[PDB]
Amino acid sequence: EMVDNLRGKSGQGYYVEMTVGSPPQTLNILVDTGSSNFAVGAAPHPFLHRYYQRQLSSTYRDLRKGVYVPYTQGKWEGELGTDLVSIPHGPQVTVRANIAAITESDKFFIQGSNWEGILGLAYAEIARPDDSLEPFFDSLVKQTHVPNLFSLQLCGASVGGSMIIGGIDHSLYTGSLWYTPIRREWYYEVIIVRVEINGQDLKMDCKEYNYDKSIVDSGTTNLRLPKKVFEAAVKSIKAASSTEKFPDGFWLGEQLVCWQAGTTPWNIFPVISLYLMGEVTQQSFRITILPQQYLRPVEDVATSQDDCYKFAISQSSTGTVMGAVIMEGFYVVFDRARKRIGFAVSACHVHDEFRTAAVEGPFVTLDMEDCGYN
Ligand SMILES: CCc1cn2c3c(cc(C(=O)N[C@@H](Cc4ccccc4)[C@H](O)CNCc4cccc(C(F)(F)F)c4)cc13)N(C)S(=O)(=O)CC2
């Protein structure tokens, strides 16, 4: 019943069906582990197929307080209230939850996207206007018997996946689940201890990988890297792929790269390995990212004599973001109860006949350094 409860469009997030209000109003809601506010369109907008109509809900309560949330991409403002909320293809429960009713927005809603709101699944510490605004998942756990854990299987124009609330579905992964500690409960903050491209260590002090934090963020498309790390990674991927020369704009995500249909030279692009801090001192495991993940297909019938891609690795001034292109093809367990994130190869894993995405360990390092930036 919870399997295949996510849909989406490539590059535009993954969403789950929800209802708000009494009687229930059905909305599609983007699943975002990178923020902590539940917010829904609540006024007409050119890109909204539908919106929350507070006047039609008998259970709506105005909190008489406005709220503004600026993401990396897009921003919105709205009015806080509470109302009853369900998830038709999740646990059969009804929870009263905080809801920001979006009345104004800028570059938030996406033309043709199919979602009308966002579900911030991270912790209260980053909720706006402040941490007293209890996030949705906290309310769900407090009000029901749902275990304090959820798991995401994001699959690679239309895409799909599963959000399993309150548990782990073993049919969605193979091999072992490897856990990395949640360093601080605000974002889902983790620690990267090593980065390799084409098996070659980037050779930086490991704190650079976590400047100034590293997070797991289903609401962000790309792998985003601190400038120093980004520049080193791009240099190494360029070197690996030097049999072909792409315009500088491709590497900056400003331009597509296109090949005749069916002829994408996957083999010239390297595998990227991200080593995550283990649960035991100086131990780690790695997740390996194939080019089928970090070259994001851009669907466009106009260009359809070709396969065209955007480089889905980009620069960040706010730390590492392991976004959707990293999560796709892994089964990712947000084990809040035990303050850890689990990774396993998912049933929808990425692979060709030569290489496959992997989650593998353990690895040991002799270096005693804490890789946390703070
Ligand atoms: C999913 C649309 C999309 C496409 N991109 C990008 C993008 C960043 C976001 C992003 O900011 N995602 C938000 C949620 C979201 C926003 C707009 C549309 C859909 C989803 C995440 O919440 C960001 N998580 C970290 C963060 C940053 C600032 C403030 C907050 C907080 F906590 F909400 F205040 C969280 C979405 C997106 N990048 C700039 S990018 O490098 O991945 C390339 C393109």
# chains A, B, ... in the order shown; residues from 1 in each chain; ligands from 1
$ residues_around --residues "region 317-334 of chain A" --least-positions-apart "5" --cutoff "7 Å" --atoms "only C-alpha atoms" --output "number ranges by chain"
A: 149-156, 172-173, 209-227, 289, 293-294, 340-346, 348-350
$ residues_around --residues "residue 236 (chain A)" --least-positions-apart "2" --cutoff "12 Å" --atoms "only C-alpha atoms" --output "ChimeraX atom specification"
/A:195-203,229-234,238-242,251,269-272
$ write_last_selection --atoms "N, CA and C atoms" --output "mmCIF file, in the first residue's frame"
data_model
loop_
_atom_site.group_PDB
_atom_site.id
_atom_site.type_symbol
_atom_site.label_atom_id
_atom_site.label_comp_id
_atom_site.auth_asym_id
_atom_site.auth_seq_id
_atom_site.Cartn_x
_atom_site.Cartn_y
_atom_site.Cartn_z
ATOM 1 N N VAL A 195 36.365 11.785 -0.546
ATOM 2 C CA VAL A 195 35.730 11.812 -1.876
ATOM 3 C C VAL A 195 36.741 11.281 -2.882
ATOM 4 N N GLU A 196 36.313 10.333 -3.704
ATOM 5 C CA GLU A 196 37.127 9.812 -4.795
ATOM 6 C C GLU A 196 36.402 9.959 -6.125
ATOM 7 N N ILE A 197 37.172 10.215 -7.178
ATOM 8 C CA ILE A 197 36.649 10.245 -8.541
ATOM 9 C C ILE A 197 37.469 9.231 -9.300
ATOM 10 N N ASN A 198 36.813 8.255 -9.936
ATOM 11 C CA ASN A 198 37.546 7.303 -10.775
ATOM 12 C C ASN A 198 38.607 6.655 -9.840
ATOM 13 N N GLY A 199 38.190 6.345 -8.608
ATOM 14 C CA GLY A 199 39.040 5.745 -7.584
ATOM 15 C C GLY A 199 40.152 6.607 -6.998
ATOM 16 N N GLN A 200 40.323 7.822 -7.515
ATOM 17 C CA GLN A 200 41.392 8.699 -7.037
ATOM 18 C C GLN A 200 40.884 9.695 -5.995
ATOM 19 N N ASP A 201 41.507 9.660 -4.824
ATOM 20 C CA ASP A 201 41.216 10.569 -3.725
ATOM 21 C C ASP A 201 41.372 12.022 -4.179
ATOM 22 N N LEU A 202 40.414 12.885 -3.826
ATOM 23 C CA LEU A 202 40.573 14.315 -4.064
ATOM 24 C C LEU A 202 41.694 14.941 -3.216
ATOM 25 N N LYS A 203 42.075 14.288 -2.126
ATOM 26 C CA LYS A 203 43.232 14.744 -1.315
ATOM 27 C C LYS A 203 43.047 16.164 -0.805
ATOM 28 N N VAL A 229 35.823 22.112 -3.186
ATOM 29 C CA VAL A 229 35.551 20.725 -3.503
ATOM 30 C C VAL A 229 34.978 20.623 -4.917
ATOM 31 N N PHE A 230 34.065 21.528 -5.242
ATOM 32 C CA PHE A 230 33.458 21.574 -6.571
ATOM 33 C C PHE A 230 34.538 21.719 -7.654
ATOM 34 N N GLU A 231 35.453 22.663 -7.440
ATOM 35 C CA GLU A 231 36.493 22.939 -8.427
ATOM 36 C C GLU A 231 37.382 21.720 -8.613
ATOM 37 N N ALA A 232 37.756 21.065 -7.515
ATOM 38 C CA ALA A 232 38.571 19.851 -7.592
ATOM 39 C C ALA A 232 37.847 18.698 -8.277
ATOM 40 N N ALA A 233 36.575 18.507 -7.932
ATOM 41 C CA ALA A 233 35.783 17.454 -8.564
ATOM 42 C C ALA A 233 35.664 17.678 -10.071
ATOM 43 N N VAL A 234 35.315 18.891 -10.482
ATOM 44 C CA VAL A 234 35.184 19.239 -11.916
ATOM 45 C C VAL A 234 36.503 19.007 -12.675
ATOM 46 N N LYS A 238 36.595 16.268 -15.641
ATOM 47 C CA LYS A 238 37.145 16.752 -16.927
ATOM 48 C C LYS A 238 38.303 15.877 -17.410
ATOM 49 N N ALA A 239 39.274 15.646 -16.524
ATOM 50 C CA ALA A 239 40.424 14.793 -16.836
ATOM 51 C C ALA A 239 39.989 13.393 -17.257
ATOM 52 N N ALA A 240 39.089 12.798 -16.476
ATOM 53 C CA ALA A 240 38.565 11.468 -16.754
ATOM 54 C C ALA A 240 37.874 11.397 -18.105
ATOM 55 N N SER A 241 37.154 12.456 -18.451
ATOM 56 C CA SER A 241 36.371 12.496 -19.675
ATOM 57 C C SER A 241 37.058 13.230 -20.852
ATOM 58 N N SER A 242 38.379 13.428 -20.771
ATOM 59 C CA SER A 242 39.103 14.326 -21.696
ATOM 60 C C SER A 242 39.105 13.884 -23.166
ATOM 61 N N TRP A 251 29.809 22.599 -17.642
ATOM 62 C CA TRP A 251 30.295 22.308 -16.288
ATOM 63 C C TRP A 251 29.688 23.234 -15.226
ATOM 64 N N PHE A 269 32.847 8.881 -18.513
ATOM 65 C CA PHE A 269 32.598 9.637 -17.283
ATOM 66 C C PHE A 269 32.900 8.749 -16.070
ATOM 67 N N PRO A 270 33.559 9.311 -15.039
ATOM 68 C CA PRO A 270 33.982 8.515 -13.903
ATOM 69 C C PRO A 270 32.866 8.266 -12.902
ATOM 70 N N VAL A 271 33.088 7.267 -12.055
ATOM 71 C CA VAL A 271 32.270 7.026 -10.878
ATOM 72 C C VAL A 271 32.748 7.976 -9.766
ATOM 73 N N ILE A 272 31.809 8.513 -8.983
ATOM 74 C CA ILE A 272 32.137 9.356 -7.818
ATOM 75 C C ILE A 272 31.828 8.582 -6.547
#
$ atom_distance --atom1 "CA of residue 23 (chain A)" --atom2 "CA of residue 35 (chain A)"
27.7 Å
$ residues_near_ligand --ligand "ligand 1" --cutoff "8 Å" --atoms "only C-alpha atoms and all ligand atoms" --output "ChimeraX atom specification"
/A:11-13,30,32-37,69-75,107-110,118,120,126-128,187,217-224,312-316,321,323
$ write_last_selection --atoms "N, CA and C atoms" --output "tab-separated table (two decimals), in the first residue's frame"
chain	number	residue	atom	x	y	z
A	11	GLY	N	14.14	16.44	-12.11
A	11	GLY	CA	14.64	17.76	-11.75
A	11	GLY	C	13.65	18.64	-11.00
A	12	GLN	N	12.46	18.11	-10.71
A	12	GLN	CA	11.39	18.92	-10.13
A	12	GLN	C	10.83	18.37	-8.83
A	13	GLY	N	11.57	17.47	-8.19
A	13	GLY	CA	11.20	16.94	-6.89
A	13	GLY	C	10.29	15.71	-6.98
A	30	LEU	N	5.42	17.92	-2.26
A	30	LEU	CA	6.81	17.59	-2.47
A	30	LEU	C	7.43	17.16	-1.16
A	32	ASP	N	10.39	16.84	1.21
A	32	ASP	CA	11.63	17.63	1.38
A	32	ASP	C	12.32	17.36	2.71
A	33	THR	N	13.36	16.53	2.68
A	33	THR	CA	14.13	16.28	3.89
A	33	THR	C	15.09	17.43	4.21
A	34	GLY	N	15.10	18.46	3.37
A	34	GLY	CA	15.99	19.62	3.51
A	34	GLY	C	15.33	20.86	4.14
A	35	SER	N	14.09	20.73	4.60
A	35	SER	CA	13.45	21.84	5.34
A	35	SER	C	12.46	21.27	6.33
A	36	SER	N	11.79	22.16	7.07
A	36	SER	CA	10.97	21.71	8.19
A	36	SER	C	9.57	22.32	8.28
A	37	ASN	N	9.16	23.07	7.24
A	37	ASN	CA	7.82	23.64	7.18
A	37	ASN	C	6.93	22.86	6.21
A	69	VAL	N	9.63	31.88	4.05
A	69	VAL	CA	10.69	30.89	3.90
A	69	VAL	C	11.41	31.06	2.56
A	70	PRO	N	12.69	31.46	2.59
A	70	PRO	CA	13.55	31.53	1.39
A	70	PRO	C	14.43	30.29	1.28
A	71	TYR	N	14.20	29.48	0.26
A	71	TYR	CA	15.07	28.32	0.02
A	71	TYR	C	16.26	28.75	-0.83
A	72	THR	N	17.14	27.79	-1.14
A	72	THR	CA	18.21	28.03	-2.12
A	72	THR	C	17.62	28.45	-3.46
A	73	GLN	N	16.59	27.72	-3.89
A	73	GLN	CA	15.79	28.09	-5.05
A	73	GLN	C	14.38	28.41	-4.59
A	74	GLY	N	13.95	29.65	-4.82
A	74	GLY	CA	12.56	30.04	-4.59
A	74	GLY	C	12.28	30.50	-3.17
A	75	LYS	N	11.16	31.19	-3.00
A	75	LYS	CA	10.74	31.65	-1.68
A	75	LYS	C	9.23	31.80	-1.66
A	107	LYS	N	9.41	32.27	-7.69
A	107	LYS	CA	10.27	31.21	-8.26
A	107	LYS	C	10.24	29.91	-7.46
A	108	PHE	N	9.11	29.68	-6.80
A	108	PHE	CA	8.92	28.49	-5.98
A	108	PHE	C	8.17	27.44	-6.78
A	109	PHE	N	6.92	27.73	-7.14
A	109	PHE	CA	6.12	26.78	-7.90
A	109	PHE	C	6.69	26.66	-9.32
A	110	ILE	N	6.66	25.46	-9.88
A	110	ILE	CA	7.32	25.18	-11.16
A	110	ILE	C	6.26	24.94	-12.25
A	118	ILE	N	4.67	21.71	-0.04
A	118	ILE	CA	5.93	21.07	0.30
A	118	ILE	C	5.86	20.53	1.73
A	120	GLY	N	8.21	19.60	4.77
A	120	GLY	CA	9.55	19.70	5.35
A	120	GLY	C	9.66	18.64	6.42
A	126	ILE	N	15.26	24.18	12.39
A	126	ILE	CA	15.26	25.02	11.19
A	126	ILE	C	13.88	25.46	10.66
A	127	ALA	N	12.82	25.16	11.41
A	127	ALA	CA	11.47	25.60	11.03
A	127	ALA	C	11.39	27.11	11.18
A	128	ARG	N	10.63	27.75	10.28
A	128	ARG	CA	10.35	29.20	10.35
A	128	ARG	C	8.91	29.38	10.86
A	187	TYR	N	18.96	20.22	10.04
A	187	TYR	CA	18.90	19.44	8.80
A	187	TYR	C	19.25	17.99	9.17
A	217	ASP	N	19.18	15.80	1.38
A	217	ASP	CA	18.16	16.79	1.01
A	217	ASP	C	17.40	16.35	-0.24
A	218	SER	N	16.25	15.71	-0.04
A	218	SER	CA	15.45	15.26	-1.16
A	218	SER	C	14.79	16.40	-1.90
A	219	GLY	N	14.78	17.59	-1.31
A	219	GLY	CA	14.13	18.75	-1.94
A	219	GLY	C	15.04	19.49	-2.92
A	220	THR	N	16.31	19.10	-2.98
A	220	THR	CA	17.32	19.75	-3.83
A	220	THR	C	17.70	18.72	-4.91
A	221	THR	N	17.77	19.14	-6.17
A	221	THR	CA	18.04	18.18	-7.26
A	221	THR	C	19.49	17.68	-7.28
A	222	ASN	N	20.43	18.61	-7.20
A	222	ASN	CA	21.83	18.33	-7.51
A	222	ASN	C	22.62	17.82	-6.32
A	223	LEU	N	23.79	17.24	-6.63
A	223	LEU	CA	24.87	17.20	-5.64
A	223	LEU	C	25.49	18.60	-5.61
A	224	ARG	N	25.38	19.30	-4.48
A	224	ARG	CA	25.98	20.64	-4.37
A	224	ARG	C	27.22	20.53	-3.50
A	312	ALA	N	24.47	17.77	-13.14
A	312	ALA	CA	23.73	17.91	-11.87
A	312	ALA	C	24.65	17.94	-10.64
A	313	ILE	N	25.85	18.47	-10.82
A	313	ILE	CA	26.77	18.79	-9.69
A	313	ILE	C	27.03	20.28	-9.80
A	314	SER	N	26.89	21.01	-8.69
A	314	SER	CA	27.05	22.44	-8.76
A	314	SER	C	27.61	22.99	-7.47
A	315	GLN	N	27.89	24.27	-7.50
A	315	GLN	CA	28.65	24.89	-6.42
A	315	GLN	C	27.72	25.42	-5.34
A	316	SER	N	28.19	25.38	-4.10
A	316	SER	CA	27.40	25.82	-2.97
A	316	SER	C	28.25	26.72	-2.08
A	321	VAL	N	25.32	19.48	-0.29
A	321	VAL	CA	23.92	19.01	-0.31
A	321	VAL	C	23.92	17.74	-1.14
A	323	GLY	N	21.65	15.82	-2.82
A	323	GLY	CA	20.30	15.99	-3.31
A	323	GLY	C	19.74	14.74	-3.96
$ residues_around --residues "residue 288 (chain A)" --least-positions-apart "3" --cutoff "9 Å" --atoms "only C-alpha atoms" --output "JSON, numbers by chain"
{"A": [271, 272, 273, 274, 275, 326, 356, 357, 358, 359, 360]}
$ write_last_selection --atoms "N, CA and C atoms" --output "CSV table (one decimal), in the first residue's frame"
chain,number,residue,atom,x,y,z
A,271,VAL,N,33.1,7.3,-12.1
A,271,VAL,CA,32.3,7.0,-10.9
A,271,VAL,C,32.7,8.0,-9.8
A,272,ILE,N,31.8,8.5,-9.0
A,272,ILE,CA,32.1,9.4,-7.8
A,272,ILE,C,31.8,8.6,-6.5
A,273,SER,N,32.8,8.5,-5.7
A,273,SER,CA,32.6,7.8,-4.4
A,273,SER,C,32.5,8.8,-3.2
A,274,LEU,N,31.5,8.8,-2.5
A,274,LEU,CA,31.3,9.6,-1.3
A,274,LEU,C,31.4,8.7,-0.1
A,275,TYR,N,32.5,8.9,0.8
A,275,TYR,CA,32.7,8.1,2.0
A,275,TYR,C,32.0,8.8,3.1
A,326,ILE,N,21.8,12.1,-6.0
A,326,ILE,CA,22.6,11.3,-5.1
A,326,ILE,C,21.7,10.2,-4.5
A,356,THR,N,28.0,-0.5,-11.5
A,356,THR,CA,26.7,-0.4,-10.7
A,356,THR,C,26.9,0.5,-9.5
A,357,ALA,N,25.9,1.3,-9.2
A,357,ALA,CA,25.9,2.0,-7.9
A,357,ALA,C,26.0,1.1,-6.7
A,358,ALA,N,26.8,1.5,-5.7
A,358,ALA,CA,27.0,0.5,-4.6
A,358,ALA,C,27.0,1.3,-3.3
A,359,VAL,N,26.8,0.5,-2.2
A,359,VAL,CA,27.0,1.0,-0.8
A,359,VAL,C,27.8,-0.1,-0.2
A,360,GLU,N,29.1,0.2,0.2
A,360,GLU,CA,30.1,-0.8,0.6
A,360,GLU,C,30.9,-0.4,1.7
$ closest_residue --among "A:158, A:189, A:171, A:249" --to "residue 10 (chain A)" --atoms "only C-alpha atoms"
A:158
$ residues_around --residues "region 98-105 of chain A" --least-positions-apart "3" --cutoff "6 Å" --atoms "only C-alpha atoms" --output "JSON, numbers by chain"
{"A": [38, 39, 40, 41, 42, 43, 75, 76, 77, 78, 79, 80, 81, 82]}
$ write_last_selection --atoms "N, CA and C atoms" --output "short mmCIF file (atom, residue, chain, number, x, y, z; two decimals), in the first residue's frame"
data_model
loop_
_atom_site.label_atom_id
_atom_site.label_comp_id
_atom_site.auth_asym_id
_atom_site.auth_seq_id
_atom_site.Cartn_x
_atom_site.Cartn_y
_atom_site.Cartn_z
N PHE A 38 5.72 22.58 6.66
CA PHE A 38 4.66 22.08 5.79
C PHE A 38 3.92 23.31 5.30
N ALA A 39 3.89 23.50 3.97
CA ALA A 39 3.28 24.69 3.37
C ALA A 39 2.58 24.28 2.08
N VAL A 40 1.43 24.90 1.81
CA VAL A 40 0.63 24.55 0.61
C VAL A 40 0.18 25.82 -0.07
N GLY A 41 0.12 25.81 -1.40
CA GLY A 41 -0.49 26.94 -2.12
C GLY A 41 -1.87 27.14 -1.52
N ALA A 42 -2.23 28.39 -1.24
CA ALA A 42 -3.52 28.68 -0.61
C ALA A 42 -4.18 29.87 -1.29
N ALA A 43 -3.69 30.19 -2.48
CA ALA A 43 -4.25 31.23 -3.32
C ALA A 43 -3.88 30.89 -4.75
N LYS A 75 11.16 31.19 -3.00
CA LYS A 75 10.74 31.65 -1.68
C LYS A 75 9.23 31.80 -1.66
N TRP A 76 8.65 31.75 -0.46
CA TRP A 76 7.21 32.00 -0.33
C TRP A 76 6.90 32.70 0.99
N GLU A 77 5.74 33.33 1.04
CA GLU A 77 5.23 33.88 2.29
C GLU A 77 3.79 33.46 2.47
N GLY A 78 3.37 33.40 3.72
CA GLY A 78 2.05 32.90 4.01
C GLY A 78 1.62 33.09 5.43
N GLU A 79 0.49 32.48 5.75
CA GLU A 79 -0.15 32.62 7.04
C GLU A 79 -0.19 31.27 7.74
N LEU A 80 0.29 31.25 8.99
CA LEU A 80 0.27 30.04 9.79
C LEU A 80 -1.13 29.72 10.31
N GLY A 81 -1.44 28.44 10.31
CA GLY A 81 -2.66 27.93 10.88
C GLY A 81 -2.44 26.47 11.16
N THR A 82 -3.48 25.80 11.62
CA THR A 82 -3.46 24.35 11.80
C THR A 82 -4.73 23.76 11.22
#
$ residues_around --residues "residue 144 (chain A)" --least-positions-apart "4" --cutoff "9 Å" --atoms "only C-alpha atoms" --output "list in words"
residues 93, 94, 95, 139 and 140 of chain A
$ select_by_dssp --residues "region 192-248 of chain A" --states "helix (DSSP H, G or I)" --output "list in words"
residues 206, 207, 208, 209, 210, 227, 228, 229, 230, 231, 232, 233, 234, 235, 236, 237, 238, 239, 240 and 248 of chain A
$ write_last_selection --atoms "C-alpha atoms" --output "CSV table (one decimal), in the first residue's frame"
chain,number,residue,atom,x,y,z
A,206,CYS,CA,38.3,16.2,5.1
A,207,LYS,CA,36.8,19.3,6.9
A,208,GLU,CA,36.6,20.9,3.4
A,209,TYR,CA,33.9,18.3,2.4
A,210,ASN,CA,31.8,19.5,5.3
A,227,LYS,CA,33.5,25.8,-4.0
A,228,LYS,CA,37.0,24.3,-3.3
A,229,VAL,CA,35.6,20.7,-3.5
A,230,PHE,CA,33.5,21.6,-6.6
A,231,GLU,CA,36.5,22.9,-8.4
A,232,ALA,CA,38.6,19.9,-7.6
A,233,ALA,CA,35.8,17.5,-8.6
A,234,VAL,CA,35.2,19.2,-11.9
A,235,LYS,CA,38.9,19.2,-12.7
A,236,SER,CA,39.0,15.4,-12.0
A,237,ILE,CA,35.8,14.6,-14.0
A,238,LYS,CA,37.1,16.8,-16.9
A,239,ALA,CA,40.4,14.8,-16.8
A,240,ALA,CA,38.6,11.5,-16.8
A,248,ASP,CA,32.7,25.6,-20.0
$ select_by_dssp --residues "region 254-295 of chain A" --states "strand (DSSP E or B)" --output "ChimeraX atom specification"
/A:257-260,272-277,283-289,295
$ write_last_selection --atoms "N, CA, C and O atoms" --output "JSON list (two decimals), in the first residue's frame"
[["chain", "number", "residue", "atom", "x", "y", "z"],
["A", 257, "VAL", "N", 24.45, 19.09, -22.67],
["A", 257, "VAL", "CA", 25.27, 18.30, -23.57],
["A", 257, "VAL", "C", 24.36, 17.25, -24.22],
["A", 257, "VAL", "O", 23.59, 16.60, -23.52],
["A", 258, "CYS", "N", 24.48, 17.09, -25.54],
["A", 258, "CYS", "CA", 23.59, 16.23, -26.31],
["A", 258, "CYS", "C", 24.34, 15.25, -27.18],
["A", 258, "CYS", "O", 25.40, 15.60, -27.77],
["A", 259, "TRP", "N", 23.83, 14.03, -27.25],
["A", 259, "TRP", "CA", 24.38, 13.00, -28.15],
["A", 259, "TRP", "C", 23.24, 12.37, -28.93],
["A", 259, "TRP", "O", 22.12, 12.27, -28.43],
["A", 260, "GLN", "N", 23.54, 11.93, -30.15],
["A", 260, "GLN", "CA", 22.58, 11.14, -30.90],
["A", 260, "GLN", "C", 21.92, 10.09, -30.01],
["A", 260, "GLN", "O", 22.61, 9.40, -29.24],
["A", 272, "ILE", "N", 31.81, 8.51, -8.98],
["A", 272, "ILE", "CA", 32.14, 9.36, -7.82],
["A", 272, "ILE", "C", 31.83, 8.58, -6.55],
["A", 272, "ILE", "O", 30.71, 8.07, -6.39],
["A", 273, "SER", "N", 32.81, 8.47, -5.65],
["A", 273, "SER", "CA", 32.58, 7.81, -4.37],
["A", 273, "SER", "C", 32.54, 8.81, -3.23],
["A", 273, "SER", "O", 33.48, 9.61, -3.05],
["A", 274, "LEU", "N", 31.45, 8.76, -2.46],
["A", 274, "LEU", "CA", 31.34, 9.57, -1.26],
["A", 274, "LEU", "C", 31.45, 8.65, -0.07],
["A", 274, "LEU", "O", 30.63, 7.74, 0.09],
["A", 275, "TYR", "N", 32.47, 8.88, 0.77],
["A", 275, "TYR", "CA", 32.65, 8.09, 1.98],
["A", 275, "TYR", "C", 31.98, 8.80, 3.15],
["A", 275, "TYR", "O", 32.29, 9.95, 3.40],
["A", 276, "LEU", "N", 31.04, 8.12, 3.83],
["A", 276, "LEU", "CA", 30.31, 8.69, 4.96],
["A", 276, "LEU", "C", 30.84, 8.12, 6.27],
["A", 276, "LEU", "O", 31.21, 6.93, 6.35],
["A", 277, "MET", "N", 30.91, 8.99, 7.28],
["A", 277, "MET", "CA", 31.33, 8.59, 8.60],
["A", 277, "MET", "C", 30.53, 7.38, 9.09],
["A", 277, "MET", "O", 29.31, 7.34, 8.98],
["A", 283, "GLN", "N", 35.93, 4.53, 11.15],
["A", 283, "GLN", "CA", 35.36, 3.67, 10.12],
["A", 283, "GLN", "C", 34.40, 4.47, 9.27],
["A", 283, "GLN", "O", 33.81, 5.47, 9.74],
["A", 284, "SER", "N", 34.23, 4.00, 8.04],
["A", 284, "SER", "CA", 33.39, 4.65, 7.06],
["A", 284, "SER", "C", 32.87, 3.61, 6.08],
["A", 284, "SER", "O", 33.33, 2.46, 6.07],
["A", 285, "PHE", "N", 31.89, 4.02, 5.28],
["A", 285, "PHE", "CA", 31.43, 3.24, 4.13],
["A", 285, "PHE", "C", 31.31, 4.22, 2.96],
["A", 285, "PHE", "O", 31.28, 5.43, 3.18],
["A", 286, "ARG", "N", 31.23, 3.70, 1.74],
["A", 286, "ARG", "CA", 31.09, 4.58, 0.58],
["A", 286, "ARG", "C", 29.81, 4.32, -0.18],
["A", 286, "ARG", "O", 29.32, 3.19, -0.23],
["A", 287, "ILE", "N", 29.28, 5.39, -0.77],
["A", 287, "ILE", "CA", 28.22, 5.24, -1.75],
["A", 287, "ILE", "C", 28.83, 5.69, -3.06],
["A", 287, "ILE", "O", 29.58, 6.67, -3.10],
["A", 288, "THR", "N", 28.56, 4.94, -4.13],
["A", 288, "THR", "CA", 29.19, 5.25, -5.41],
["A", 288, "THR", "C", 28.14, 5.72, -6.40],
["A", 288, "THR", "O", 27.10, 5.09, -6.56],
["A", 289, "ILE", "N", 28.43, 6.85, -7.04],
["A", 289, "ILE", "CA", 27.51, 7.58, -7.91],
["A", 289, "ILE", "C", 27.98, 7.38, -9.37],
["A", 289, "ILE", "O", 29.15, 7.67, -9.68],
["A", 295, "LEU", "N", 24.58, 13.09, -14.49],
["A", 295, "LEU", "CA", 24.17, 13.71, -15.77],
["A", 295, "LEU", "C", 22.67, 13.53, -15.88],
["A", 295, "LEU", "O", 22.19, 12.44, -16.18]]
$ closest_residue --among "A:112, A:21, A:166, A:44" --to "residue 335 (chain A)" --atoms "only C-alpha atoms"
A:166
$ closest_residue --among "A:246, A:179, A:52, A:115" --to "residue 338 (chain A)" --atoms "only C-alpha atoms"
A:179
$ residues_around --residues "residue 352 (chain A)" --least-positions-apart "4" --cutoff "12 Å" --atoms "only C-alpha atoms" --output "PyMOL selection string"
chain A and resi 264-267+290-293+356-357
$ write_last_selection --atoms "C-alpha atoms" --output "CSV table (one decimal), in the first residue's frame"
chain,number,residue,atom,x,y,z
A,264,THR,CA,25.6,8.5,-24.7
A,265,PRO,CA,29.3,7.7,-23.9
A,266,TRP,CA,28.7,6.7,-20.2
A,267,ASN,CA,32.1,4.9,-20.1
A,290,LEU,CA,27.5,6.7,-11.7
A,291,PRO,CA,27.2,9.3,-14.5
A,292,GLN,CA,23.7,8.0,-15.1
A,293,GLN,CA,22.9,9.9,-11.8
A,356,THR,CA,26.7,-0.4,-10.7
A,357,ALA,CA,25.9,2.0,-7.9
$ closest_residue --among "A:129, A:278, A:8, A:247" --to "residue 190 (chain A)" --atoms "only C-alpha atoms"
A:278
$ atom_distance --atom1 "CA of residue 162 (chain A)" --atom2 "CA of residue 6 (chain A)"
5.3 Å
$ atom_distance --atom1 "CA of residue 181 (chain A)" --atom2 "CA of residue 133 (chain A)"
25.0 Å
